[PDB]
Structure formats: C-alpha cells, structure tokens
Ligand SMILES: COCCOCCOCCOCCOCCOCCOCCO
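Before any questions on how it binds or moves, here is one chain, the form solved without the named molecule, in structure tokens.
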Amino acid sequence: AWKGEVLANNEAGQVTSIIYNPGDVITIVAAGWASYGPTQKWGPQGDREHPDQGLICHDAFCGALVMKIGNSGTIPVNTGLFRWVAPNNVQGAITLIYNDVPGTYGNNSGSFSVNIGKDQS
C-alpha cells in the first residue's frame, strides 16, 4: 500500500512504491484541491468547463488526476479507481501526474492526497 501527495506543479509526477503486475487488481482514492493556474482550485476530476488545450491526458479534464503505469500512456484516475484492472500488456511502477499542458506547470498550486492498494484477486 502507498500513501503520499501529488503536487500540481510537478510536471515529472510523483512515483509510488506500487508496481502493477499483470493480473493485479488495485484501488485508488484521491482527494484534495489543486489549480492549473487560476486562483480557485478544483477537485481530482478537474475543471469540466475548461477545454483540452493539449493536456498530457486527453481522456480527462484539465486539473484532473492521471497516472502512468511504467512506460504506458496516461490513464484517467480522477477521484479514484475501484477494484480496477489495467489493459493488456500494461505493467510497471505507478506514477501519479497532475493533468496539465506540458511546460506550463510553473504556475500550478495545491496537491492531491492519494491512497493506493492492491485488492485480492
């Protein structure tokens, strides 16, 4: 099990102690408030009224919580995943990233508290 924070101003993303292996079933629960620039802040689901202007994950709103599993493409996490299995041939360490446009994280603020654990399978 892993528990830490993901800073919005972290373009590199926060690496976790979890390593997803084929067949694993995980569960994620994220909370907190972050911002992709503006003064106000949004939840893990992001800003639904802001358009996709070249985010790292086009399957989630700007300011939403996404993740990389090893060397895979970005994967939507949002509020979290419940007893979830990854697509075929996806394996590696889980890495939580704040969904924002590359090279803009500079003005970001806030963070997300995230819990990750492997369920029984």
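Residue indices: 1-based, along the sequence shown. Whichever C-alpha set is largest while still superposing within 1.5 Å between the two forms counts as the rigid core.
Comparing 87-95 with 73-81 by root mean square Cα distance to the shown form in 9 other deposited structures of this protein, with the rigid core used for the fit, gives 87-95 as the more displaced stretch.
In the PDB entry, a CA B factor belonging to the highest third of its chain's modelled residues is recorded for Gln40. When all modelled residues of the chain are sorted by CA temperature factor, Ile75 is found within the lowest third. In this PDB entry, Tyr20 carries a Cα temperature factor that places it within the lowest third of its chain's modelled residues. Ranked by Cα temperature factor within the chain, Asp52 sits in the middle third according to the deposited record. Remark: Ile69 belongs to the highest third of its chain, ranked by C-alpha B-factor as recorded.
Keep in mind that the form deposited with the named molecule bound is missing from the display, and what follows is about it.
Although the partner is absent here, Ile56 is a contact residue: one of its heavy atoms lies within 4.5 angstroms of the named molecule in the deposited complex. Within 4.5 Å of some heavy atom of the named molecule in the deposited complex lies at least one heavy atom of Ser72. Although the partner is absent here, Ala12 lies within 4.5 Å of the named molecule in the deposited complex, judged by heavy atoms. Within 4.5 Å of any heavy atom of the named molecule in the deposited complex lies no heavy atom of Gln45.
Contact residues in stretch 89-118 (any heavy atom within 4.5 Å of the named molecule, taken in the deposited complex) are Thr95, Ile97.
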